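Engineer: The file below is query11.cif, mmCIF, C-alpha atoms (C1' of nucleotides):
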```cif
data_structure
loop_
_atom_site.group_PDB
_atom_site.id
_atom_site.type_symbol
_atom_site.label_atom_id
_atom_site.label_comp_id
_atom_site.auth_asym_id
_atom_site.auth_seq_id
_atom_site.Cartn_x
_atom_site.Cartn_y
_atom_site.Cartn_z
ATOM 1 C CA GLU A 1 64.759 -42.166 22.254
ATOM 2 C CA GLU A 2 61.702 -41.180 20.254
ATOM 3 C CA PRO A 3 58.679 -39.932 22.207
ATOM 4 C CA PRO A 4 60.499 -40.128 25.481
ATOM 5 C CA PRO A 5 57.861 -41.866 27.543
ATOM 6 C CA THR A 6 55.672 -40.126 30.112
ATOM 7 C CA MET A 7 54.838 -40.618 33.793
ATOM 8 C CA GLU A 8 52.023 -43.047 32.981
ATOM 9 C CA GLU A 9 54.214 -45.334 30.867
ATOM 10 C CA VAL A 10 57.058 -45.316 33.408
ATOM 11 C CA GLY A 11 54.681 -46.060 36.278
ATOM 12 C CA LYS A 12 52.977 -48.870 34.370
ATOM 13 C CA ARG A 13 56.370 -50.378 33.521
ATOM 14 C CA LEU A 14 57.469 -50.111 37.165
ATOM 15 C CA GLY A 15 54.091 -51.332 38.439
ATOM 16 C CA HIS A 16 53.832 -48.535 41.017
ATOM 17 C CA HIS A 17 51.328 -45.742 41.507
ATOM 18 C CA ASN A 18 52.533 -42.347 40.308
ATOM 19 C CA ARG A 19 52.358 -41.005 43.871
ATOM 20 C CA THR A 20 54.827 -43.693 44.980
ATOM 21 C CA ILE A 21 57.594 -42.240 42.815
ATOM 22 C CA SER A 22 56.312 -38.668 43.161
ATOM 23 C CA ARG A 23 56.658 -38.525 46.956
ATOM 24 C CA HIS A 24 60.426 -39.146 46.956
ATOM 25 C CA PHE A 25 62.087 -38.074 43.673
ATOM 26 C CA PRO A 26 60.555 -34.828 42.378
ATOM 27 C CA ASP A 27 63.659 -33.441 40.664
ATOM 28 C CA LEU A 28 64.435 -36.361 38.349
ATOM 29 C CA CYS A 29 60.750 -37.000 37.636
ATOM 30 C CA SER A 30 60.330 -33.357 36.641
ATOM 31 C CA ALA A 31 63.410 -33.817 34.452
ATOM 32 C CA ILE A 32 61.769 -36.719 32.591
ATOM 33 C CA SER A 33 58.504 -34.787 32.274
ATOM 34 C CA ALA A 34 60.344 -31.732 30.937
ATOM 35 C CA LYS A 35 62.262 -33.860 28.428
ATOM 36 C CA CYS A 36 59.047 -35.452 27.144
ATOM 37 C CA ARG A 37 57.272 -32.087 26.940
ATOM 38 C CA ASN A 38 60.241 -30.502 25.156
ATOM 39 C CA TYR A 39 60.347 -33.325 22.608
ATOM 40 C CA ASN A 40 56.606 -32.958 22.005
ATOM 41 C CA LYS A 41 56.921 -29.178 21.614
ATOM 42 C CA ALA A 42 59.851 -29.518 19.209
ATOM 43 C CA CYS A 43 58.017 -32.102 17.094
ATOM 44 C CA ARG A 44 54.935 -29.875 17.027
ATOM 45 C CA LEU A 45 57.131 -26.973 15.900
ATOM 46 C CA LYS A 46 58.662 -28.926 13.006
ATOM 47 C CA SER A 47 55.195 -30.160 12.035
ATOM 48 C CA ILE A 48 53.895 -26.575 12.029
ATOM 49 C CA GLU A 49 56.798 -25.349 9.895
ATOM 50 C CA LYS A 50 56.469 -28.197 7.394
ATOM 51 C CA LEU A 51 52.690 -27.752 7.211
ATOM 52 C "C1'" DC B 1 -76.546 106.971 -49.981
ATOM 53 C "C1'" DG B 2 -75.602 103.131 -52.706
ATOM 54 C "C1'" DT B 3 -72.359 99.606 -53.919
ATOM 55 C "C1'" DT B 4 -68.340 96.284 -53.105
ATOM 56 C "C1'" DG B 5 -65.070 93.733 -50.886
ATOM 57 C "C1'" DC B 6 -63.816 91.746 -46.272
ATOM 58 C "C1'" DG B 7 -64.389 89.455 -42.007
ATOM 59 C "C1'" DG B 8 -67.023 87.277 -37.632
ATOM 60 C "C1'" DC B 9 -70.735 83.529 -36.397
ATOM 61 C "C1'" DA B 10 -72.829 79.540 -36.394
ATOM 62 C "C1'" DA B 11 -75.110 75.772 -38.511
ATOM 63 C "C1'" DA B 12 -73.689 72.303 -42.361
ATOM 64 C "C1'" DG B 13 -70.618 69.418 -44.671
ATOM 65 C "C1'" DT B 14 -66.934 66.086 -44.771
ATOM 66 C "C1'" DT B 15 -63.517 62.457 -42.592
ATOM 67 C "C1'" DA B 16 -62.427 59.535 -39.038
ATOM 68 C "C1'" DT B 17 -63.007 56.031 -35.138
ATOM 69 C "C1'" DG B 18 -64.712 52.818 -32.059
ATOM 70 C "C1'" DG B 19 -69.376 50.180 -31.314
ATOM 71 C "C1'" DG B 20 -73.527 46.707 -32.803
ATOM 72 C "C1'" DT B 21 -75.913 43.389 -35.868
ATOM 73 C "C1'" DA B 22 -77.277 40.109 -39.544
ATOM 74 C "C1'" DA B 23 -74.978 37.651 -43.449
ATOM 75 C "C1'" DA B 24 -71.624 36.210 -46.730
ATOM 76 C "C1'" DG B 25 -67.514 33.606 -46.468
ATOM 77 C "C1'" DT B 26 -63.910 29.981 -44.467
ATOM 78 C "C1'" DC B 27 -62.283 25.960 -43.533
ATOM 79 C "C1'" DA B 28 -61.697 20.939 -41.098
ATOM 80 C "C1'" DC B 29 -64.279 16.391 -40.247
ATOM 81 C "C1'" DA B 30 -62.746 13.186 -43.408
ATOM 82 C "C1'" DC B 31 -56.954 6.876 -39.190
ATOM 83 C "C1'" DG B 32 -52.904 9.294 -37.884
ATOM 84 C "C1'" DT B 33 -47.731 13.066 -35.618
ATOM 85 C "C1'" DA B 34 -44.084 12.208 -32.754
ATOM 86 C "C1'" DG B 35 -39.917 9.559 -34.141
ATOM 87 C "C1'" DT B 36 -34.624 8.508 -34.909
ATOM 88 C "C1'" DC B 37 -29.515 8.763 -35.351
ATOM 89 C "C1'" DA B 38 -25.348 11.386 -33.591
ATOM 90 C "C1'" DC B 39 -22.858 12.958 -29.883
ATOM 91 C "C1'" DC B 40 -18.825 12.655 -26.088
ATOM 92 C "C1'" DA B 41 -17.956 12.202 -20.929
ATOM 93 C "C1'" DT B 42 -17.942 9.147 -16.795
ATOM 94 C "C1'" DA B 43 -18.363 4.543 -14.079
ATOM 95 C "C1'" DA B 44 -16.870 -0.019 -14.205
ATOM 96 C "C1'" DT B 45 -15.107 -4.082 -14.788
ATOM 97 C "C1'" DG B 46 -11.852 -7.530 -16.456
ATOM 98 C "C1'" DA B 47 -7.594 -8.285 -18.258
ATOM 99 C "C1'" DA B 48 -2.418 -6.896 -18.727
ATOM 100 C "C1'" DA B 49 1.010 -5.864 -16.127
ATOM 101 C "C1'" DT B 50 3.738 -4.176 -12.535
ATOM 102 C "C1'" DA B 51 7.886 -3.326 -9.668
ATOM 103 C "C1'" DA B 52 9.236 -4.859 -6.112
ATOM 104 C "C1'" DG B 53 9.633 -8.742 -3.153
ATOM 105 C "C1'" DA B 54 10.841 -13.760 -1.867
ATOM 106 C "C1'" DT B 55 13.327 -17.639 -1.980
ATOM 107 C "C1'" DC B 56 17.083 -21.022 -3.985
ATOM 108 C "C1'" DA B 57 21.611 -21.996 -5.050
ATOM 109 C "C1'" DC B 58 26.507 -21.127 -5.004
ATOM 110 C "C1'" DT B 59 31.182 -18.813 -3.353
ATOM 111 C "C1'" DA B 60 34.121 -17.025 -0.335
ATOM 112 C "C1'" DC B 61 35.745 -15.356 4.486
ATOM 113 C "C1'" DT B 62 36.526 -15.693 9.144
ATOM 114 C "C1'" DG B 63 35.401 -16.877 14.488
ATOM 115 C "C1'" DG B 64 36.724 -20.453 17.224
ATOM 116 C "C1'" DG B 65 36.005 -25.168 21.006
ATOM 117 C "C1'" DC B 66 36.095 -30.371 22.372
ATOM 118 C "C1'" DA B 67 37.944 -35.028 23.424
ATOM 119 C "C1'" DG B 68 42.018 -35.923 25.395
ATOM 120 C "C1'" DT B 69 46.824 -35.345 27.853
ATOM 121 C "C1'" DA B 70 49.738 -34.282 31.869
ATOM 122 C "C1'" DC B 71 52.018 -32.949 36.351
ATOM 123 C "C1'" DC B 72 52.484 -31.689 41.340
ATOM 124 C "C1'" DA B 73 51.734 -32.402 45.194
ATOM 125 C "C1'" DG B 74 47.983 -32.511 49.833
ATOM 126 C "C1'" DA B 75 45.311 -35.525 52.419
ATOM 127 C "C1'" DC B 76 42.555 -39.421 54.131
ATOM 128 C "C1'" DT B 77 42.672 -44.549 54.754
ATOM 129 C "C1'" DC B 78 44.721 -48.706 56.143
ATOM 130 C "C1'" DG B 79 48.139 -53.328 55.653
ATOM 131 C "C1'" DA B 80 51.603 -54.612 58.473
ATOM 132 C "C1'" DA B 81 53.993 -54.439 62.287
ATOM 133 C "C1'" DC B 82 55.617 -52.560 67.419
ATOM 134 C "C1'" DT B 83 54.862 -52.238 71.968
ATOM 135 C "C1'" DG B 84 52.655 -51.681 76.691
ATOM 136 C "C1'" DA B 85 48.821 -53.135 80.347
ATOM 137 C "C1'" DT B 86 46.584 -57.031 82.044
ATOM 138 C "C1'" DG B 87 43.734 -61.149 84.134
#
```
Could you show the structure in this file as structure tokens?

Structural biologist:
Amino acid sequence: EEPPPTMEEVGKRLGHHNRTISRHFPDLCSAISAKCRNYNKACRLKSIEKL
DNA sequence: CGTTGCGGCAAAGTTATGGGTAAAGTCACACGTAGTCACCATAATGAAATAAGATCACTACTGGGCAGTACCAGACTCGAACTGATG
């Protein structure tokens, strides 16, 4: 979806500290972080072009 | 030789020049000589003015950082429970 959420939003929704997820599932968490960062970078790029 | 003209000699005669002495002239004392523009250069300010300087205001150009976001673990601390020695 839009602004794929970040680590903070996912952790707040799950009610767990970020280290709790981070100590067991690094690959998928890095996948979510990369997706969010890529969406932000793409949106910034379109904003730069349009501006 | 007796007479006549000529020339030397030495007073004598005539001018000239620098002195002295009485005596006819001469002239200032009469309130009065200093006094007054004209002249152009130099100091010397005081004003006129400076030529640059000082600051305001505006216009445009270009460095460039801060509040905030985000992840990936490592490491200490400790609920909660397990398990062994004991009086």

Engineer: Within 10 Å of range 38-51 of chain A, counting all atoms listed in the file, which residues show up once you throw out same-chain ones fewer than 2 positions away? Write them as a list in words, please.

Structural biologist: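 Contacts, with the query itself left out: residues 1, 2, 3, 4, 32, 33, 34, 35 and 36 of chain A.
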
Engineer: Please return, as an NGL selection string, all residues of chain B lying within 9 Å of chain A when only C-alpha atoms (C1' of nucleotides) are considered.

Structural biologist: :B and (70-73)

Engineer: Quick one: pull the distance between CA of residue 18 in chain A and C1' of residue 81 in chain B, Å, one decimal.

Structural biologist: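 Going from CA of residue 18 in chain A over to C1' of residue 81 in chain B, I get 25.1 Å.
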
Engineer: Report, in Å to a single decimal, how far apart CA of residue 12 in chain A and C1' of residue 68 in chain B are.

Structural biologist: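 These two atoms are separated by 19.2 Å.
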
Engineer: Mind giving me the straight-line distance from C1' of residue 82 in chain B to CA of residue 15 in chain A in Å, one decimal?

Structural biologist: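 If I compute the distance from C1' of residue 82 in chain B to CA of residue 15 in chain A, I get 29.0 Å.
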